[PDB]
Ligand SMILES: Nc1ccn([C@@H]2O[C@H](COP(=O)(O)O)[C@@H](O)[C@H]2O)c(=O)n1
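This document starts with one chain, in the form solved without cytidine-5'-monophosphate (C5P), laid out as structure tokens.
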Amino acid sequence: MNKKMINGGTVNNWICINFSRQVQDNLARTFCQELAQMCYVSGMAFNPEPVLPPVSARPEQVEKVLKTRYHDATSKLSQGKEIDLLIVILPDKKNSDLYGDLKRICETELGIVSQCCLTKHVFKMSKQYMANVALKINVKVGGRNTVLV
């Protein structure tokens, strides 16, 4: 069977950064909209709109794009409010260094939860995939999912 959300986390404030040259900005927007919708119907509080529009960046510029986009989003919010989630679109082929850098920067420098999604899955946007990503986001932000065993 499928896991379900018992307790849904809250994603009030989120942003997206794209690192794939196969993905145009409006596709990143659509993907995030569909993901937000799936998180919501699965049981989360999830803002349908991001703090800032999605941006595309070169993998080489990972530290600069992350820090700049984080500062711009948190400055826009003010009030000591935090970014609850960064959605990252990754290229299909060797994301190794990029992925490691992303997680290091988000975990240890920015202190933000990130969820990475591969390009091929972004194009397909299958219900199964979106539901699976939603379950992952939920537990990362402090929600609770069922177990099957």
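Note that residue numbering follows the sequence shown and begins at 1.
Undergrad: Per the PDB record, is the mean Cα temperature factor higher over 57-65 or over 112-120?
TA: Between 57-65 and 112-120, it is 57-65 that shows the higher mean C-alpha B-factor.
Undergrad: Look up the CA B-factors in the entry and say which stretch, 93-101 or 33-41, has the higher mean.
TA: Comparing 33-41 with 93-101, the higher mean C-alpha B-factor belongs to 93-101.
Undergrad: Report the third (lowest, middle or highest) to which the CA temperature factor of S126 belongs, ranking only the modelled residues of the same chain.
TA: Within its chain, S126 is a highest-third residue by C-alpha B-factor, going by the deposited values.
Undergrad: Select lowest, middle or highest to describe the third in which the CA B-factor of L86 falls within its chain in this entry.
TA: According to the entry, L86 has a C-alpha B-factor in the chain's lowest third.
As for the form solved in complex with cytidine-5'-monophosphate (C5P), it is not shown, yet the points below apply to it.
Undergrad: Whether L90 contacts cytidine-5'-monophosphate (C5P) in the deposited bound form should be assessed with a 4.5 Å heavy atom distance threshold; does it?
TA: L90 belongs to the contact set for cytidine-5'-monophosphate (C5P).
Undergrad: Report whether the minimum heavy atom distance between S42 and cytidine-5'-monophosphate (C5P) in the deposited bound form is within 4.5 Å.
TA: Contact check for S42: no, nothing within 4.5 Å of cytidine-5'-monophosphate (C5P) in the deposited bound form.
Undergrad: At the 4.5 Å heavy atom threshold, is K103 in contact with cytidine-5'-monophosphate (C5P) in the deposited bound form?
TA: Yes, contact at 4.5 Å.
Undergrad: How about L118: is it within 4.5 Å of cytidine-5'-monophosphate (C5P) in the deposited bound form, going by heavy atoms?
TA: It does: once cytidine-5'-monophosphate (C5P) is placed as it appears in the deposited bound form, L118 has a heavy atom within 4.5 Å of it.
Undergrad: Check, residue by residue, if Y99, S114 and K140 all come within 4.5 Å of cytidine-5'-monophosphate (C5P) in the deposited bound form, counting heavy atoms only.
TA: The answer is yes: all three residues contact the partner (heavy atom, 4.5 Å cut-off).
Undergrad: From the list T30, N47, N95, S56, which entry has a heavy atom within 4.5 Å of cytidine-5'-monophosphate (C5P) in the deposited bound form?
TA: Flagged contact: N95.
Undergrad: Where, among 118-126, 57-65, 33-41, 76-84, do residues come within 4.5 Å of cytidine-5'-monophosphate (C5P) in the deposited bound form by heavy atom distance?
TA: In short, 118-126.
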